[PDB]
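Asker: So I pulled this structure from the PDB, and the sequence comes with it:
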Amino acid sequence: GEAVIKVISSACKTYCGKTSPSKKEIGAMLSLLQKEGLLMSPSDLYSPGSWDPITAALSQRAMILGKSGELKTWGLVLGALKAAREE
């Protein structure tokens, strides 16, 4: 699943950022997930709707992130997940 990674990375930005070069792409992708209880690798993608875990993650400690303000980075990461649901 070359996406499991590309997704986490791209998704992060490509998801709710698809445009920029990578202001927080790989960042949140790793820092976000790797900082939201997703230190199990980009395998998260290996599971459908595994962006719900990163949601309650930052929520559990939205004050643990701060690469663009606080949760702004997540927003792009998570906000994207919600974007998928919105289509």
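Answerer: Perfect, thanks for sending it. Residues are numbered from 1 along each chain as shown.
Asker: Roughly how far does the residue nearest to the spatial centre of the chain sit from residue 58?
Answerer: Geometric centre of the chain, nearest residue: residue 77, 3.3 Å, by Cα atoms, centre = their mean. Distance from residue 77 to residue 58, counting by Cβ to Cβ, to the nearest Å: 8 Å. Every C-beta, even on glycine, is put in place using the N, C-alpha and C of the backbone.
Asker: any residues in contact with both of these two?
Answerer: Counting by Cβ atoms under 8 Å, 6 or more residues apart in numbering, the residues touching both residue 77 and residue 58 are residue 32.
Asker: can you pull the contacts of the residue nearest to the centre of the chain?
Answerer: Residue 77 is in contact with 11-12, 15-16, 24, 28-29, 32-33, 51, 54, counting by Cβ under 8 Å, 6+ apart.
Asker: any chance of those residues in TSV, with distance to residue 43 and neighbour count too?
Answerer: What follows is the contacts of residue 77, written out as TSV (distance: Cβ to Cβ, whole Å; neighbours: other Cβ atoms under 10 Å):
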residue	distance to residue 43	neighbour count
11	13	29
12	15	29
15	17	24
16	21	20
24	21	21
28	17	35
29	13	29
32	15	26
33	10	27
51	13	26
54	13	25
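Asker: sorry, back to before: can you give me the buried ones in the helix or strand that contains the residue nearest to the centre of the chain?
Answerer: Using DSSP states H and E, residue 77 falls within helix 72-86. Judged by neighbour count using 16 or more other Cβ atoms under 10 Å, the buried positions of helix 72-86 are 73-81, 83.
Asker: And the helices in this structure?
Answerer: 2-6, 16, 25-27, 52-60, 72-86 (DSSP state H).
Asker: Select, out of the ones you listed, the one closest to residue 45.
Answerer: The minimum distance between residue 45 and the helices of the chain falls on helix 2-6, with 3.5 Å, by Cβ to Cβ.
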